[PDB]
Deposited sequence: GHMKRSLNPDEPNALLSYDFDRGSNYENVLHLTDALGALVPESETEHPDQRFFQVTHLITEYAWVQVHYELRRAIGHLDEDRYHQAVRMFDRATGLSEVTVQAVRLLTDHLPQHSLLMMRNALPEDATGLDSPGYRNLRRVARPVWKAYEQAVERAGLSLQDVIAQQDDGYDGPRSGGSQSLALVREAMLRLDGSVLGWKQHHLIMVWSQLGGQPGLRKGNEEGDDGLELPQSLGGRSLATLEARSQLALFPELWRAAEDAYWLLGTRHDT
């Protein structure tokens, strides 16, 4: 492979040129995964494939950075945990962009023709990025919870410390764990956003949009499972404890 074409003018996609850019990145191995253009069953199949691969790359990186967050949290390196969660959120937002590409540009008619030939078994439930992100979420939450325990703080404390008008006592440690909580909440909101945009996409490709009233019922229910349910519970606590 020096190219994924054979006929052309300047239309040839030249790659595998031995540059150290390609060597450092292992770009030829990555480009090797694309369905060769001699085996595409549809002009839109590549687009379908590439958006999945971009997502899976972002999700494996999210996993990696969450493992680092656990290390930082277990060693009280709270400022360094913050950066890991912020980076994970940025990567999650790429997966959102990627599924919205399908919503905006994948023709339902192409998808139905393609799907009418799939192994009728290819389900995103088997996605490694998704399964592993779900697994690592429990250790991640445990590490944050124990850090809050060791500091002698309650979740209501770190939540309240985000408000400049809140007058209770603070330390450098409690405000750092506040920043961590806020960054974890933003990551979780971004993953929930992915689930909601993936839903909108599915309604536009397989039907089932609920305003009118293919295992859509389980999908709609799974689409509201948070990464960190304890953060959302704490939000609900604050409403009941502080509201009027």
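Where C-alpha coordinates are absent, the deposited sequence of this PDB chain has the segments 1-5, 219-236, 268-271.
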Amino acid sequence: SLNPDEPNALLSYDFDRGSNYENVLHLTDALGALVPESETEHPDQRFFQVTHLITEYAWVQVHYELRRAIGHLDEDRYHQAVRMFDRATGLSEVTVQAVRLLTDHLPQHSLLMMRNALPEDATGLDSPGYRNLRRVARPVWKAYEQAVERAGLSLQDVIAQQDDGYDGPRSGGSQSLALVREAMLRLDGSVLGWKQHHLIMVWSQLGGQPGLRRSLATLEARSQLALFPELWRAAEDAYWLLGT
From here on, numbers count along this sequence of modelled residues.
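Remark: stretch with higher mean C-alpha B factor among 30-38 and 56-64 is 30-38. The stretch with the higher mean CA B factor, choosing between 164-172 and 113-121, is 113-121. Note on the listed residues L216, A183, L192, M201: the highest Cα temperature factor in the record is that of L216. Among the modelled residues of the chain, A69 sits in the middle third by CA temperature factor in this PDB entry.
The entry lists a Cα temperature factor for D126 that places it in the highest third of the chain's modelled residues. Annotation for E149: C-alpha temperature factor in the highest third relative to the rest of the modelled chain, per the entry. Ranked by Cα temperature factor within the chain, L179 sits in the lowest third according to the deposited record. Among all modelled residues in its chain, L206 ranks in the middle third by Cα B-factor.
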